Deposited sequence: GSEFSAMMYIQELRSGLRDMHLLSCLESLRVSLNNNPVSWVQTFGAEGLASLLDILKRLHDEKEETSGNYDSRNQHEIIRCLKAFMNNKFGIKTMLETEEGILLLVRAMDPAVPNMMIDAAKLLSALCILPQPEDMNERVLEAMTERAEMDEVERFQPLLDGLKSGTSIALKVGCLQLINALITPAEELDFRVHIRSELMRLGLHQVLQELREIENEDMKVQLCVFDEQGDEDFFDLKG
């Protein structure tokens, strides 16, 4: 622990701190969530998570030299908090958690988008609850309306030549996580077609030239699933 230190973090996070004071608090909490056992994460709990999500909302609502670092450090704290079942369960109990992870998919902050996309991908493949992919898509829809963009555009932007290989891989990994776990053939075919129409068709040609095994693994999953679906439609 200590257990007392968890309560101290909550009190600090609720205190109205900003800028580098906030980042310094977040960095200390990120270490504690990584180094302490799950029991400590449970002591920090739903209330600790809620304090983190309230700040992240505020950071969006007020459009700050430290904003992008504070948003990403919060995402790092969520990455640690969600590295166990209790954390996952507690995040999925929130009303706004998934939406805030989707709003973290900003390709202009690529390492934050990578971290958030990985967390989302892991939710989608969970045995339970089922159909987390649907909740992710609901939140992508809400973000699209709020940002006035097409809903898959952030994922496409992540695949543009110019981005890091790690971001490209995380984008295609989330695409696969949205499609592959779905039981309904016609839904898989639909989503795939929506991505193709937005521009994935052209992008894929560029991705296949990349000599990176992690990319090849995701392209393989994507192409096979596509092939099976079209087979099943005949």
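Residues of the deposited sequence lacking C-alpha coordinates fall in the stretches 64-67, 239, numbered from 1.
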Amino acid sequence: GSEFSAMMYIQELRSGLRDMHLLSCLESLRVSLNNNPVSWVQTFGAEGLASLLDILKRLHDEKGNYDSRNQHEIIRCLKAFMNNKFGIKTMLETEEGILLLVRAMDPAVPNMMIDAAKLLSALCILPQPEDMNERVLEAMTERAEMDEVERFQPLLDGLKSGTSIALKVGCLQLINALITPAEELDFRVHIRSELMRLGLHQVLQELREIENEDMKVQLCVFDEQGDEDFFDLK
From here on, numbers count along this sequence of modelled residues.
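Here the stretch with the larger average CA B-factor, out of 211-219 and 9-17, is 211-219.
The question of which stretch, 21-29 or 222-230, has the higher mean Cα B factor is settled in favour of 222-230.
Of the candidates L174, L56, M196, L49, the one whose C-alpha carries the top B factor in the deposited record is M196.
As recorded in the entry, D147 carries the highest CA temperature factor of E134, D115, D147, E73.
Ranked against the other modelled residues of its chain, the C-alpha B-factor of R151 as given in the entry falls in the middle third.
Among the modelled residues of its chain, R192 has a C-alpha B-factor that falls in the middle third, as given in the PDB entry. Annotation for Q128: C-alpha temperature factor in the highest third relative to the rest of the modelled chain, per the entry.
Annotation for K63: CA B-factor lies in the highest third of the chain's modelled residues.
When the modelled residues of the chain are ordered by their C-alpha B factor, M105 lands in the middle third.
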